[PDB]
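There are 2 protein chains.
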Amino acid sequence: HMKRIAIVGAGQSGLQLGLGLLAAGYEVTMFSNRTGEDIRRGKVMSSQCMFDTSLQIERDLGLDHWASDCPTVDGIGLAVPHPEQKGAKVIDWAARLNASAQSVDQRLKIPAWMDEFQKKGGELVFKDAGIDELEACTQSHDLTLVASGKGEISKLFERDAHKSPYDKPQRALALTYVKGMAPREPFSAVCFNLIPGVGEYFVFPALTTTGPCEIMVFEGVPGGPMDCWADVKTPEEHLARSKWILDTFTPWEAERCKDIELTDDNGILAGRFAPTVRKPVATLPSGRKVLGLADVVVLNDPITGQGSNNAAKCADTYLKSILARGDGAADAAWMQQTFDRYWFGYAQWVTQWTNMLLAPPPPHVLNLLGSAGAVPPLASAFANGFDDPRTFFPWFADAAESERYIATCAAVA
Amino acid sequence: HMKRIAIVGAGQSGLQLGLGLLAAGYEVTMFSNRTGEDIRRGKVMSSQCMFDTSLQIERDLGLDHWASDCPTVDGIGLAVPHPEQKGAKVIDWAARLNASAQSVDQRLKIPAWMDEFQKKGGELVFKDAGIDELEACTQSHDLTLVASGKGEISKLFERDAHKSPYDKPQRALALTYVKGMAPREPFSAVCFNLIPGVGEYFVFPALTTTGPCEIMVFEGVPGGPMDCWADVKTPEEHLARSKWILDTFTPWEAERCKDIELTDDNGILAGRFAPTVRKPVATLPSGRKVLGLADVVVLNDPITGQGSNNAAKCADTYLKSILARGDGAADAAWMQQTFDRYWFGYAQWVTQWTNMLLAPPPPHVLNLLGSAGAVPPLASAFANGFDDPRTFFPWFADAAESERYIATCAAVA
Ligand SMILES: Cc1cc2nc3c(=O)[nH]c(=O)nc-3n(C[C@H](O)[C@H](O)[C@H](O)COP(=O)(O)OP(=O)(O)OC[C@H]3O[C@@H](n4cnc5c(N)ncnc54)[C@H](O)[C@@H]3O)c2cc1C
Ligand SMILES: Cc1cc2nc3c(=O)[nH]c(=O)nc-3n(C[C@H](O)[C@H](O)[C@H](O)COP(=O)(O)OP(=O)(O)OC[C@H]3O[C@@H](n4cnc5c(N)ncnc54)[C@H](O)[C@@H]3O)c2cc1C
Ligand SMILES: c1ccc2[nH]ccc2c1
Ligand SMILES: c1ccc2[nH]ccc2c1
Ligand SMILES: c1ccc2[nH]ccc2c1
Ligand SMILES: c1ccc2[nH]ccc2c1
Ligand SMILES: c1ccc2[nH]ccc2c1
Ligand SMILES: c1ccc2[nH]ccc2c1
Ligand SMILES: c1ccc2[nH]ccc2c1
Ligand SMILES: c1ccc2[nH]ccc2c1
Ligand SMILES: c1ccc2[nH]ccc2c1
Ligand SMILES: c1ccc2[nH]ccc2c1
Ligand SMILES: c1ccc2[nH]ccc2c1
Ligand SMILES: c1ccc2[nH]ccc2c1
Ligand SMILES: c1ccc2[nH]ccc2c1
Ligand SMILES: c1ccc2[nH]ccc2c1
Ligand code: NA
Ligand code: NA
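So this is what it looks like as structure tokens:
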């Protein structure tokens, strides 16, 4: 009678997909390796800035439960320190987003969606799932998906070397969730601070388990002055190192932080990983097959702020493919084509752009970013491209095309 | 109080946009150069095969008025004549679409949407609009759009030479709407017949003013054996020349046509045009500005079946941009950014792919099309790519990437 879907991994993409499937009349089994409460009170996992298109995917499913309470992010700003004048910027501009972005802590969203999943009839099973659970799921369900993010079981899927130009981390990452930051005026924004040869500091308002906050995101070229977390062993030390980066590299941002505190002692993170794309179909010892979802198959560095946007868009594409398939077999071909539509239609572009941004920038890029400060339509294109990075091609990557786009923008300024 | 939008040109994109704007509470003025009835009873304009994503845009607006009555197109087929054996094919395969396509004659859809537009409160003005009407609209409306398709006033917009690699027609076109064709079994499809060095014949079921039909689409390399319409001066002669092409080049299709008749004497068309992209902002003598929509700014050869899909997607992107803008100015910068989002996010890919397909194919393409006949997942990717041609990049265009995609497909077959 009823089609039955198993999802291993209770994360953003898995739960969005599972909730959509329940609403469409499927039976859904989901495995989680943590309780909701331990997720709420555990370490942060991301900075999860979702732009309008991803937000709308959630709205269309009825899952925008924090829309009113979560602060809106209304623009993007970009600043570059002056090579000469201390504490001055040589580039400093901003542009409004055509529609707001929002960052709802996954510590809030994932547990609440787990609650909703059970209320809507999903079967939530608690276990650190392994091969045995995948073998069991594939015998009792029409389709089994792995949605375990950066978890170890994700390595069941073969690395796709041609889609993975990097095999090492390209940035040392850290997150710091704080209260008390002076609000940005006259509108909120993701404040991008690009430190040439050193790294990046991004900061924006968000909602966490103690209410509204701002999230500080730090990325450092490995071995550089912002690869600076190895000796940090306490929350107090993490807050202090966060303020040290701002004092040292972005004193204009330190002026907003004279009174910041951590939201909670678990509102901190540091780590690193190599960008990786994996093949989406994994074969179990039995010969049965499972399909990878979102970060299991496409894992990008957070520098472009796309992971949670990718997660929403991936789960949307997979849900649409399931609903269209009907009673057709969920075989390896269908699985692969489902991933291919996500990859070739969308994620290949997000991934190529993110991987290029991790490398040292060519000269036409500096000209582009500086020109944006004098050409508001170009600044606007930069800001709104974060909602659909396909719109950056080819002009972000090619000098001649970048000059042509600057000219188009200047002509309507 | 109310924002007011003028649209010059009562075509598919203009009417979809106008109806969406009325539903959102805007005042809309629209200019048409023909009455609804003369459109219904006049010459056909297109073959308007719309794939699922475009169909869903219409559904989401409540405009899928023919969904139940229009025959569904459930797949794509590809056939290539054998160079040796007479009347045989060396390639002949098909694949199912993940969701049906539909072709509702614009002679039906445009007049019915004009009726709906008036019923929903739009102001429909009948005049062959010129500069004077654009000058008048721009004084009395917040935003004026030109949606006149292949009409002469579209030339108010400057040709974009960098986005327009062609300045001459690349195919001699013809359309023939017929009754009596044997239905394709066991499922309907767009039957692609590629005649190397000569042209293309496509055929699929559709709905017109006399009910269900099939549409024959002919494209001929200029000066070749299928550039064969210049001496056709009557409907009877047009039907006969249509059957001659099938008898001569695709006798397997002629077997379905032993009993075909025209749906009506105006169910025929022949012509040609150069693919053209235009700059989207036009400046009137007064200095006020107007924004071009759909075929006014991006006009592709029909060979890839995308014009009406582009029209729906363009009007969707423009409607979303208007709704997000609120009371912000509809200035040249906003106009340009609205087009840019359509172009860089979507249409640049449809356009580049369509323009490459008009040129003689490189060897890796023949290998790809032949391999699809032995690799069903690749045939499926080919078919479903017509719903989002971004999914064809880069593997349709690059030999090495084409070989990699064939390998991915063969591994899950
Ligand atoms: C520092 C940092 C900052 C980021 N900032 C942003 C940002 O600003 N914007 C943005 O869009 N993205 C951002 N991201 C990325 C984004 O958070 C992720 O890409 C997103 O969470 C991916 O969703 P997912 O559903 O694939 O995985 P997740 O949401 O991580 O879900 C995976 C879940 O599976 C569980 N799991 C693992 N193994 C198992 C197992 N064996 N059995 C059962 N369950 C298991 C895990 O516990 C976890 O809860 C950031 C990431 C990092 C690291
Ligand atoms: C032979 C052929 C086959 C095709 N087959 C397909 C297919 O299979 N699939 C597909 O998706 N697309 C196909 N197309 C393309 C598709 O039909 C068009 O791209 C689509 O109609 C574009 O919509 P539009 O709204 O931009 O223009 P239209 O829908 O053409 O609307 C333009 C309207 O503006 C009116 N107008 C012109 N000048 C003025 C003026 N001065 N004042 C007022 N009104 C004016 C015109 O009379 C017309 O009604 C085909 C095209 C051709 C020529
Ligand atoms: C170019 C522009 C700005 C810069 N700040 C520090 C180095 C450097 C180089
Ligand atoms: C190790 C790594 C990074 C650092 N930045 C400043 C001091 C320092 C030490
Ligand atoms: C939005 C945009 C870019 C970003 N980089 C890191 C976090 C983040 C959020
Ligand atoms: C994806 C594809 C086909 C399917 N048949 C039953 C469930 C299911 C999921
Ligand atoms: C966002 C993130 C990193 C970047 N490096 C250069 C531009 C840029 C934008
Ligand atoms: C193109 C290539 C490499 C790059 N690194 C940062 C921006 C950028 C653009
Ligand atoms: C992020 C977004 C767009 C961009 N264009 C050039 C560099 C770059 C970085
Ligand atoms: C290659 C394949 C098929 C063909 N039919 C006619 C010429 C030709 C060339
Ligand atoms: C002119 C053009 C094309 C043609 N195909 C067959 C005869 C003929 C004449
Ligand atoms: C669908 C797909 C391709 C096509 N080429 C011409 C008409 C047509 C319809
Ligand atoms: C597009 C953009 C801004 C606008 N303000 C009023 C109407 C309108 C349309
Ligand atoms: C559709 C239309 C034209 C084409 N030429 C080669 C492949 C192909 C597909
Ligand atoms: C790449 C380049 C040119 C082409 N002509 C027909 C198919 C095709 C693909
Ligand atoms: C149409 C669609 C996809 C394609 N891949 C190679 C040629 C070609 C034509
Ligand atoms: Na300043
Ligand atoms: Na046959």
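Sequences listed follow chains A and A', in order. A prime marks a further copy of an entry chain. When we follow the authors' numbering, the leftmost residue of the first sequence carries the number 0, and every step to the right adds one. When we follow the authors' numbering, the leftmost residue of the second sequence carries the number 0, and every step to the right adds one. Here a beta-carbon is modelled for each residue, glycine too, at the ideal position from N, C-alpha and C.
Taking the straight line between their C-alpha atoms, what separation do you get for A':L60 and A':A98?
Distance between the alpha carbons of A':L60 and A':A98: 19 Å.
Starting from the beta carbon of A:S53, find every residue of chain A' whose beta carbon is closer than 9 Å, and list them in chain order.
Those do not exist, as A:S53 stays about 14 Å from chain A' at its closest Cβ, beyond 9 Å.
Below 6 Å, is the gap between the Cβ of A:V295 and the nearest heavy atom of ligand 5?
No, Cβ of A:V295 sits at least 6 Å from all heavy atoms of ligand 5.
How long is the line joining the alpha carbons of A:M113 and A:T275, rounded to whole angstroms?
Taking the straight line joining both Cα atoms gives about 27 Å.
Drop a sphere of 10 angstroms on the beta-carbon of A:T337, count the other beta-carbons inside from all chains shown, and report buried for 16 or more, exposed for fewer.
Answer is buried; the Cβ neighbour count reaches 16.
Can you look up A:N354 in the DSSP assignment and give me helix, strand or coil?
If DSSP states are grouped into helix, strand and coil, A:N354 belongs with the helices.
Mark residue 418 of chain A as exposed unless 16 or more other C-beta atoms lie within 10 angstroms of its C-beta, in which case mark it buried.
Within the shown structure, residues of chain A are numbered from 0 to 412, placing residue 418 of chain A beyond reach of any answer.
Could you check whether the Cβ of A':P224 sits closer than 6 Å to any heavy atom belonging to ligand 11?
Yes; taking the cut-off as 6 Å, the Cβ of A':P224 has a heavy atom of ligand 11 nearer than that.
Evaluate A':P204 with the Cβ neighbour count: other Cβ atoms within 10 Å of its Cβ, from every protein chain shown; 16 or more gives buried, anything less gives exposed.
Classification for A':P204: buried.
What residues from chain A crowd round A':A380, counting only those whose CB sits closer than 8 Å?
Ordered by position in chain A, the residues that pass the 8 Å Cβ test against A':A380 are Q336 and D339.
Near A:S31, which residues of its chain fall below 7 Å by C-beta distance, leaving aside the five closest residues on each side in sequence?
Taken in chain order, the residues that qualify are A9, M113, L123 and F125.
Using CA coordinates, which residue listed in A:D230, A:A406, A:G41 and A:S12 is at the minimum distance from A':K278?
For A':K278, the nearest C-alpha among the options comes from A:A406.
With respect to the alpha helix (DSSP H) encompassing A:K88, which residues constitute its N-terminal and C-terminal limits?
Looking at the DSSP string, A:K88 is not in any alpha helix (DSSP H); the run it does join, the beta strand (DSSP E), is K88 to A100.
Quick one: what's A':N32 bridged to in DSSP?
Answer by DSSP bridge pairing: none, since A':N32 is not bridged.
Compare the C-beta of A':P164 with all C-beta atoms of chain A and state if any pair is closer than 7 Å.
Judged by the 7 Å Cβ criterion, A':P164 is not in contact with chain A.
Within the same chain, show all residues whose beta-carbon is closer than 7 Å to that of A:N383, passing over the 5 residues directly before and after it, in chain order.
Here the set comprises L96 and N97.
Where do the ends of the alpha helix (DSSP H) carrying A:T337 lie?
Residues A331 to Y341.
To test your reading of the DSSP string, which unbroken alpha helix (DSSP H) runs of 4 or more residues are found completely within the stretch 92 to 180 of chain A?
Complete alpha helix (DSSP H) runs here, min 4: 105 to 118 and 130 to 139.
Is there at least one Cβ from chain A nearer than 7 Å to A':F343's Cβ?
By this cut-off, A':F343 is an interface position.
Tell me whether A:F191 counts as near ligand 9, meaning its Cβ is closer than 6 Å to at least one heavy atom of that ligand.
No, ligand 9 has no heavy atom inside 6 Å of this Cβ.
For A':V216, list the residues DSSP reports as bridge partners.
BP columns for A':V216 point to A':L174 and A':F201.
For chain A', find out if any of its Cβ atoms is closer than 7 Å to the Cβ of A:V43; answer yes or no.
Chain A' contact via Cβ: absent.
Hey, would you say the C-beta of A':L290 is under 6 Å away from at least one heavy atom of ligand 7?
A':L290: no, Cβ never under 6 Å from ligand 7.
Suppose contacts are defined by Cβ-Cβ distances below 7 Å. Is A':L142 in contact with A':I6 by that definition?
No, these two residues do not count as a Cβ contact at 7 Å.
Compute the distance between the beta-carbons of A':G198 and A':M225, then report whether it is under 7 Å.
Cβ distance < 7 Å, so A':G198 and A':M225 count as in contact.
Checking the sheet assignment: what are the DSSP bridge partners for A:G291?
Paired residues: A:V145.
Beta carbon of A':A171, beta carbon of A':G219: below 7 Å?
It is a contact, given that the beta carbons lie within the stated cut-off.
Any idea what DSSP makes of A':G266, helix, strand or coil?
Three-state DSSP puts A':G266 in coil, outside helix and strand.
Beta-carbon within less than 6 Å of A:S187's beta-carbon, same chain only, minus the 5 sequence neighbours each way: which residues are those?
Closer than 6 Å at the Cβ level, and outside the excluded window around A:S187, lie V72, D73 and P204.
Less than 7 Å between the beta carbons of A:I214 and A:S46, yes or no?
Yes. Within cutoff.
What beta strand (DSSP E) runs, 3 residues minimum, are completely inside the stretch 273 to 317 of chain A'?
Entirely contained in the stretch 273 to 317 of chain A', the beta strand (DSSP E) runs reaching 3 residues are, in chain order, 280 to 282 and 288 to 291.
Of the residues that make up the stretch 146 to 165 of chain A', which ones have a beta carbon closer than 7 Å to any beta carbon in chain A?
Those would be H161, in chain order.
Could you give the first and the last residue of the continuous beta strand (DSSP E) run that contains A:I4?
That run of the beta strand (DSSP E) goes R3 to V7.
Confirm, please, whether the CB-CB distance from A':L174 to A':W65 is below 7 Å.
Cβ distance not < 7 Å, so A':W65 and A':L174 don't count as in contact.
Whose CB is closer than 6 Å to a heavy atom of ligand 8? List the residues in chain order.
Per the Cβ criterion, the list is A:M355, A:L356, A:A358, A:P360, A:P361, A:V364, A:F395 and A:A396.
Taking buried to mean at least 16 other C-beta atoms within 10 Å of its own C-beta, is A:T350 buried or exposed?
It is buried - the Cβ of A:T350 has at least 16 other Cβ atoms within 10 Å.
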